[PDB]
Amino acid sequence: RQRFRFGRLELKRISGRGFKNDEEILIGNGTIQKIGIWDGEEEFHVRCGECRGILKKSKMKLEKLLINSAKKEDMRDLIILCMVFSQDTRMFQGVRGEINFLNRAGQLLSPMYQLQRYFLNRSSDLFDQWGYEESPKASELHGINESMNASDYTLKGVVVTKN
Ligand SMILES: Nc1nc2c(ncn2[C@@H]2O[C@H](COP(=O)(O)OP(=O)(O)O)[C@@H](O)[C@H]2O)c(=O)[nH]1
């Protein structure tokens with residue numbers, strides 16, 4: 001179980017194993033792109049800057065995201081990166097603008113990496129499309145909104161912890 005990188009996201013496997021299969025994905029801007037889709041339940045230690053976390057996912061779905069309280073810029077980006085990495089259906093739907101999977105030279109670009117670059121710049125569109133749910137009643141767990149503040153409603157699957 002090695003530490004590996006997905007752009008600004010650092011991961012370290014806790015449990016589970018994923019199997020990748022190329023699938024045609026209809027993303028939000030109406031275009032269809034072939035993307036390697038991971039199948040299986042996986043759990044990771046995740047990090048973005050000073051923000052630590054635990055990510056749980058299945059095939060094209062973020063099951064849960066446990067993050068610590070830290071720098072709000074790092075909390076936000078970690079959530080963004082984990083949403084993209086999870087390959088959640090809501091994340092693909094959040095792509096409203098144009099994404100190029102080829103540069104101007106005609107070279108091949110990584111679809112997943114391009115999605116990261118896109119949503120790091122378009123977080124509001126992602127959060128709105130992602131949806132919200134009731135924050136946990138538990139005292140040791142709090143919800144978090146689009147402004148990275150403690151709220152009665154939280155981003156779906158995302159809870160902040162300060163234990
Ligand atoms: N769920 C999961 N994702 C992984 C694993 N290893 C790599 N990835 C992600 O899968 C994506 C690989 O996409 P890419 O680099 O374009 O390779 P490609 O699918 O062959 O085009 C990257 O975003 C990685 O972060 C893994 O073990 N489990």
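Position 1 is the first residue of the sequence; numbering continues from there. Values below: every heavy atom of this structure, side chains too, minus hydrogens, waters and symmetry copies.
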### Task
Report yes if some heavy atom in the side chain of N163 is under 4.5 Å from a heavy atom in the side chain of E140; otherwise report no.
no

#### Entry: Chi angles and distances behind the side chain to side chain contact (heavy atoms under 4.5 Å, CB included) call for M91, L126
CA-CA 6 Å; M91 181 271 302; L126 179 60; 4.0 Å; yes

### Task
Report yes or no: do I27 and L115 belong to one cluster of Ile/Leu/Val/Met/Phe/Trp/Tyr joined by side chain heavy-atom distances under 4.5 Å?
yes

### Query
Going from CD on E41 to NZ on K56, what distance comes out if it is rounded to the nearest 0.5 angstrom?
10.5 Å

### Query
Can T31 and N29 be counted as having a side-chain donor-acceptor contact under 3.5 angstrom?
yes

### Test item: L26 and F92 side chains (from C-beta on) under 4.5 Å apart, heavy atoms
no

### Straight-line distance of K20 NZ to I35 CD1, nearest 0.5 Å
11.5 Å

### Message
I'd like to know if the side chain of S135 reaches the main chain of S151, judged simply by a donor and an acceptor atom lying under 3.5 Å from each other, with no hydrogens or angles considered.
### Response
yes

### Reported CZ-to-OH distance for the pair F101 and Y113, which is rounded to 0.5 angstrom
15.0 Å

### Message
Just verifying a value: how many Å separate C51 SG and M75 CE, rounded to the nearest 0.5 Å?
### Response
6.5 Å

### Message
Would you say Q93 and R90 are linked by a side-chain donor-acceptor pair, where the criterion is simply a distance under 3.5 Å?
### Response
no

### Query
When rounded to the nearest 0.5 angstrom, what distance separates NZ in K156 from CE in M83?
10.5 Å

### Message
Can you confirm whether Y132 sits close enough to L155 that some side-chain heavy atom of one is under 4.5 Å from a side-chain heavy atom of the other?
### Response
yes

### Criterion side chain to side chain contact (heavy atoms under 4.5 Å, CB included) on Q116 and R8, from CA distance to verdict
CA-CA 9 Å; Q116 162 169 165; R8 292 186 53 195; 4.1 Å; yes

### Side-chain (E146) to main-chain (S124) donor-acceptor, under 3.5 angstrom
no

## Note on the structure
When rounded to the nearest 0.5 Å, the distance separating NZ of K12 from CZ of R3 is 7.5 Å

### Task
State, yes or no, whether a side-chain contact exists between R1 and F44 at a heavy-atom distance under 4.5 Å.
no

#### Entry: Non-hydrogen side-chain atoms of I80 and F127 separated by less than 4.5 Å
yes

### Query
Out of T89, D39, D88, which one pairs with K59 under the side-chain contact (heavy atoms from CB on, under 4.5 Å) rule?
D39

### Query
Would you say the side chain of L102 lies within less than 4.5 Å of the side chain of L108, judging by non-hydrogen atoms?
yes

### Query
Do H142 and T154 come within less than 4.5 Å of each other through their side chains, counting heavy atoms only?
no

#### Entry: For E42, the option from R13, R17, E63 that meets side-chain contact (heavy atoms from CB on, under 4.5 Å)
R13

### Query
When hydrophobic residues are tied together by side-chain contacts of less than 4.5 Å, even through go-betweens, does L55 share a cluster with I37?
yes

